[PDB]
Amino acid sequence: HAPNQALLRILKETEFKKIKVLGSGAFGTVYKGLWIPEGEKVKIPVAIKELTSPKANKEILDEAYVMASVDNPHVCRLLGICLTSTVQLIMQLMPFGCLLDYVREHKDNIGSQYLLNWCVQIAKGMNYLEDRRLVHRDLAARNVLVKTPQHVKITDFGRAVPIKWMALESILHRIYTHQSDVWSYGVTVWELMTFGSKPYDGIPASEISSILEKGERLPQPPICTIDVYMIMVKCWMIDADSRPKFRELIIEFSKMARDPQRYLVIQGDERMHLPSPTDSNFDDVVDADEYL
Ligand SMILES: *[C@@H](F)C(=O)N1CCC[C@@H]1C(=O)Nc1cc2c(Nc3ccc(F)c(Cl)c3)ncnc2cc1OCCCN1CCOCC1
């Protein structure tokens, strides 16, 4: 058990300025924003999460405790906090949002190259969380954020219940493990391969435990060769050590992403194209990942 040497950064409310609401949900309000620090001549695009009961402040700072301890190119990092009346969290801006709404609203351009890279990247992030002995407990396509369409990161592990993503031993005994995240990674891939479909759609979350104990699982997407679906199926096995480890999910999908059309059959997948750093895409603005 090594000493967590993460630096926690305190920001002034006047160094950054909000710009627009990204989502006034139940938790509170998330804003697109710009952060202009000190006299550094840089503007970092950020997101800002604000919610003053003392029950909440302890939680928003425990979440911030975790998100300050991670550093990986496929996991979202905390940039800092702001100590106003309620605590504000300042994270890197992922301009394209959750992957779940990105695959729904762009399915007509998602070729097999992206789907398999995303599968690699998510696995790389989860394998980092394995090295950091960190169990996500809520991997899903909504908890993946799209910086660029070829760069996604895992978020929302402030809980380190959504039954349909949960492993079997997570529903009957609330046993959560790295090898239970593999199952949620499986449902997450299933989400990507069905371009945003709802798992076990229509079924009440009650019967999901029976369904799985008999031996039923999620369907095989059309675009999915048996090579891919075999992976998703191995994630959903009863015995947990029989499921793949994330460093294997990395290796497998890496093979498949070399010949993407051999494993995902998408009609039109050859001239699809997604927005990517080419002439358009993007005054003194720098990305957070290059500001250290
Ligand atoms: C899907 F689950 C989802 O999140 N959706 C669906 C559309 C909007 C909303 C979304 O993407 N919001 C969003 C959040 C962030 C975050 N979130 C965050 C979590 C925790 C925390 F502590 C902080 Cl400080 C912030 N961080 C970074 N960037 C974003 C960007 C987001 O939305 C991107 C822009 C909207 N998007 C979707 C609609 O059409 C245009 C693009």
# chains A, B, ... in the order shown; residues from 1 in each chain; ligands from 1
$ closest_atom_pairs --of "chain A" --to "ligand 1" --cutoff "8 Å" --atoms "only C-alpha atoms and all ligand atoms" --output "Markdown table"
| residue | atom | partner | partner_atom_place_in_ligand_line | distance |
| --- | --- | --- | --- | --- |
| A:22 | CA | ligand 1 | 12 (N) | 5.2 |
| A:23 | CA | ligand 1 | 12 (N) | 5.8 |
| A:30 | CA | ligand 1 | 25 (C) | 6.1 |
| A:31 | CA | ligand 1 | 25 (C) | 7.9 |
| A:32 | CA | ligand 1 | 30 (C) | 7.1 |
| A:46 | CA | ligand 1 | 27 (C) | 6.8 |
| A:47 | CA | ligand 1 | 24 (Cl) | 4.8 |
| A:48 | CA | ligand 1 | 24 (Cl) | 4.2 |
| A:49 | CA | ligand 1 | 24 (Cl) | 4.2 |
| A:50 | CA | ligand 1 | 24 (Cl) | 7.9 |
| A:63 | CA | ligand 1 | 22 (F) | 8.0 |
| A:64 | CA | ligand 1 | 22 (F) | 7.4 |
| A:78 | CA | ligand 1 | 22 (F) | 7.3 |
| A:88 | CA | ligand 1 | 24 (Cl) | 7.4 |
| A:89 | CA | ligand 1 | 24 (Cl) | 4.5 |
| A:90 | CA | ligand 1 | 24 (Cl) | 4.6 |
| A:91 | CA | ligand 1 | 24 (Cl) | 4.5 |
| A:92 | CA | ligand 1 | 27 (C) | 5.7 |
| A:93 | CA | ligand 1 | 28 (N) | 4.0 |
| A:94 | CA | ligand 1 | 28 (N) | 3.7 |
| A:95 | CA | ligand 1 | 33 (C) | 4.6 |
| A:96 | CA | ligand 1 | 41 (C) | 4.4 |
| A:97 | CA | ligand 1 | 11 (O) | 3.2 |
| A:98 | CA | ligand 1 | 1 (C) | 4.0 |
| A:99 | CA | ligand 1 | 1 (C) | 6.8 |
| A:100 | CA | ligand 1 | 1 (C) | 5.9 |
| A:101 | CA | ligand 1 | 1 (C) | 5.4 |
| A:102 | CA | ligand 1 | 37 (C) | 7.2 |
| A:141 | CA | ligand 1 | 2 (F) | 7.3 |
| A:142 | CA | ligand 1 | 2 (F) | 3.7 |
| A:143 | CA | ligand 1 | 2 (F) | 6.4 |
| A:144 | CA | ligand 1 | 2 (F) | 7.8 |
| A:145 | CA | ligand 1 | 29 (C) | 6.9 |
| A:146 | CA | ligand 1 | 30 (C) | 8.0 |
| A:147 | CA | ligand 1 | 28 (N) | 7.8 |
| A:155 | CA | ligand 1 | 19 (C) | 6.8 |
| A:156 | CA | ligand 1 | 20 (C) | 6.2 |
$ write_last_selection --atoms "C-alpha atoms" --output "PDB file, in the first residue's frame"
ATOM      1  CA  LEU A  22     -23.973  20.707 -20.630  1.00  0.00           C
ATOM      2  CA  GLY A  23     -26.523  18.911 -18.467  1.00  0.00           C
ATOM      3  CA  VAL A  30     -22.369  20.563 -15.729  1.00  0.00           C
ATOM      4  CA  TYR A  31     -21.096  23.498 -17.781  1.00  0.00           C
ATOM      5  CA  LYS A  32     -18.852  23.865 -20.774  1.00  0.00           C
ATOM      6  CA  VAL A  46     -12.961  22.422 -19.291  1.00  0.00           C
ATOM      7  CA  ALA A  47     -16.181  21.079 -17.843  1.00  0.00           C
ATOM      8  CA  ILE A  48     -17.369  22.316 -14.444  1.00  0.00           C
ATOM      9  CA  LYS A  49     -19.657  20.345 -12.110  1.00  0.00           C
ATOM     10  CA  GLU A  50     -21.530  22.155  -9.325  1.00  0.00           C
ATOM     11  CA  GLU A  63     -15.219  11.605  -5.793  1.00  0.00           C
ATOM     12  CA  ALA A  64     -12.600  14.306  -6.365  1.00  0.00           C
ATOM     13  CA  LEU A  78      -9.499  15.827 -12.399  1.00  0.00           C
ATOM     14  CA  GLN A  88     -16.849  22.763  -7.996  1.00  0.00           C
ATOM     15  CA  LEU A  89     -15.014  20.058  -9.961  1.00  0.00           C
ATOM     16  CA  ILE A  90     -12.936  21.126 -12.963  1.00  0.00           C
ATOM     17  CA  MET A  91     -12.264  18.386 -15.519  1.00  0.00           C
ATOM     18  CA  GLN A  92     -10.938  18.277 -19.062  1.00  0.00           C
ATOM     19  CA  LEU A  93     -13.629  19.031 -21.635  1.00  0.00           C
ATOM     20  CA  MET A  94     -14.615  16.054 -23.765  1.00  0.00           C
ATOM     21  CA  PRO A  95     -16.276  18.027 -26.560  1.00  0.00           C
ATOM     22  CA  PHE A  96     -18.271  15.111 -28.041  1.00  0.00           C
ATOM     23  CA  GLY A  97     -19.845  13.764 -24.865  1.00  0.00           C
ATOM     24  CA  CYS A  98     -20.871  10.309 -23.801  1.00  0.00           C
ATOM     25  CA  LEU A  99     -20.109   7.500 -26.226  1.00  0.00           C
ATOM     26  CA  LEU A 100     -23.640   6.107 -25.825  1.00  0.00           C
ATOM     27  CA  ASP A 101     -25.223   9.193 -27.364  1.00  0.00           C
ATOM     28  CA  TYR A 102     -22.403   9.459 -29.886  1.00  0.00           C
ATOM     29  CA  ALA A 141     -21.301   3.444 -22.611  1.00  0.00           C
ATOM     30  CA  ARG A 142     -22.631   6.526 -20.795  1.00  0.00           C
ATOM     31  CA  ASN A 143     -19.543   6.534 -18.534  1.00  0.00           C
ATOM     32  CA  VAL A 144     -17.208   6.803 -21.568  1.00  0.00           C
ATOM     33  CA  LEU A 145     -16.475  10.298 -22.901  1.00  0.00           C
ATOM     34  CA  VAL A 146     -15.396  11.193 -26.435  1.00  0.00           C
ATOM     35  CA  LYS A 147     -12.548  13.721 -26.531  1.00  0.00           C
ATOM     36  CA  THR A 155     -15.299   8.467 -16.407  1.00  0.00           C
ATOM     37  CA  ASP A 156     -17.803   8.303 -13.524  1.00  0.00           C
TER      38      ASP A 156
END
$ closest_atom_pairs --of "segment 152-193 of chain A" --to "segment 250-271 of chain A" --cutoff "12 Å" --atoms "only C-alpha atoms" --output "JSON lines"
{"residue": "A:182", "atom": "CA", "partner": "A:250", "partner_atom": "CA", "distance": 11.7}
{"residue": "A:185", "atom": "CA", "partner": "A:250", "partner_atom": "CA", "distance": 11.7}
{"residue": "A:189", "atom": "CA", "partner": "A:253", "partner_atom": "CA", "distance": 11.0}
{"residue": "A:192", "atom": "CA", "partner": "A:264", "partner_atom": "CA", "distance": 11.7}
{"residue": "A:193", "atom": "CA", "partner": "A:264", "partner_atom": "CA", "distance": 8.8}
$ write_last_selection --atoms "N, CA and C atoms" --output "PDB file, in the first residue's frame"
ATOM      1  N   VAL A 182     -15.261  -6.778 -16.078  1.00  0.00           N
ATOM      2  CA  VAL A 182     -15.186  -7.424 -17.384  1.00  0.00           C
ATOM      3  C   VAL A 182     -16.588  -7.673 -17.933  1.00  0.00           C
ATOM      4  N   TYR A 185     -17.893  -4.431 -19.044  1.00  0.00           N
ATOM      5  CA  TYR A 185     -17.230  -4.178 -20.322  1.00  0.00           C
ATOM      6  C   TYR A 185     -17.896  -4.957 -21.451  1.00  0.00           C
ATOM      7  N   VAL A 189     -19.468  -3.250 -24.709  1.00  0.00           N
ATOM      8  CA  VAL A 189     -19.175  -3.580 -26.102  1.00  0.00           C
ATOM      9  C   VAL A 189     -20.462  -3.906 -26.839  1.00  0.00           C
ATOM     10  N   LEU A 192     -21.904  -0.823 -27.929  1.00  0.00           N
ATOM     11  CA  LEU A 192     -21.250  -0.190 -29.070  1.00  0.00           C
ATOM     12  C   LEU A 192     -21.605  -0.904 -30.364  1.00  0.00           C
ATOM     13  N   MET A 193     -21.676  -2.236 -30.314  1.00  0.00           N
ATOM     14  CA  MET A 193     -21.911  -3.038 -31.503  1.00  0.00           C
ATOM     15  C   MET A 193     -23.356  -2.979 -31.974  1.00  0.00           C
TER      16      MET A 193
END
$ residues_around --residues "residue 57 of chain A" --least-positions-apart "5" --cutoff "10 Å" --atoms "only C-alpha atoms" --output "VMD selection string"
chain A and resid 51 to 52 62 to 63 85 to 88
$ closest_residue --among "A:148, A:127, A:121, A:210" --to "residue 178 of chain A" --atoms "only C-alpha atoms"
A:127
$ residues_around --residues "residue 171 of chain A" --least-positions-apart "6" --cutoff "10 Å" --atoms "only C-alpha atoms" --output "compact mmCIF listing (two decimals) with N, CA and C atoms, in the first residue's frame"
# COMPACT_ATOMS: atom_id res chain seq x y z
N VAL A 161 -28.74 1.40 -8.43
CA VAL A 161 -27.90 0.38 -9.07
C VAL A 161 -28.40 0.08 -10.49
N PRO A 162 -27.45 -0.08 -11.44
CA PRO A 162 -27.82 -0.38 -12.83
C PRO A 162 -27.70 -1.86 -13.18
N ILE A 163 -28.79 -2.61 -13.03
CA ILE A 163 -28.69 -4.06 -12.90
C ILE A 163 -28.22 -4.71 -14.20
N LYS A 164 -28.72 -4.22 -15.34
CA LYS A 164 -28.52 -4.92 -16.60
C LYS A 164 -27.05 -4.96 -17.04
N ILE A 208 -33.93 -10.15 -14.45
CA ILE A 208 -32.58 -10.25 -15.02
C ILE A 208 -31.74 -11.29 -14.29
N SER A 209 -32.02 -11.53 -13.01
CA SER A 209 -31.24 -12.52 -12.27
C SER A 209 -31.62 -13.94 -12.68
$ residues_around --residues "residue 104 of chain A" --least-positions-apart "3" --cutoff "6 Å" --atoms "only C-alpha atoms" --output "MDAnalysis selection string"
chainID A and resid 101 107 195:196
$ write_last_selection --atoms "N, CA, C and O atoms" --output "short mmCIF file (atom, residue, chain, number, x, y, z; two decimals), in the first residue's frame"
data_model
loop_
_atom_site.label_atom_id
_atom_site.label_comp_id
_atom_site.auth_asym_id
_atom_site.auth_seq_id
_atom_site.Cartn_x
_atom_site.Cartn_y
_atom_site.Cartn_z
N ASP A 101 -24.50 8.30 -26.48
CA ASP A 101 -25.22 9.19 -27.36
C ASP A 101 -24.43 9.54 -28.61
O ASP A 101 -25.01 10.11 -29.55
N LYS A 107 -24.48 6.75 -35.94
CA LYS A 107 -24.32 5.36 -36.37
C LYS A 107 -24.12 5.23 -37.87
O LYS A 107 -23.51 4.25 -38.31
N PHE A 195 -24.95 -0.08 -31.75
CA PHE A 195 -25.09 1.36 -32.04
C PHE A 195 -26.01 2.07 -31.06
O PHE A 195 -26.70 3.04 -31.43
N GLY A 196 -26.03 1.62 -29.82
CA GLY A 196 -26.72 2.30 -28.75
C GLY A 196 -27.98 1.65 -28.24
O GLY A 196 -28.77 2.34 -27.58
#
$ select_by_dssp --residues "segment 32-248 of chain A" --states "strand (DSSP E)" --output "ChimeraX atom specification"
/A:32-35,44-50,78-83,87-92,144-148,151-154
$ atom_distance --atom1 "atom CA of residue 58 of chain A" --atom2 "atom CA of residue 159 of chain A"
12.9 Å
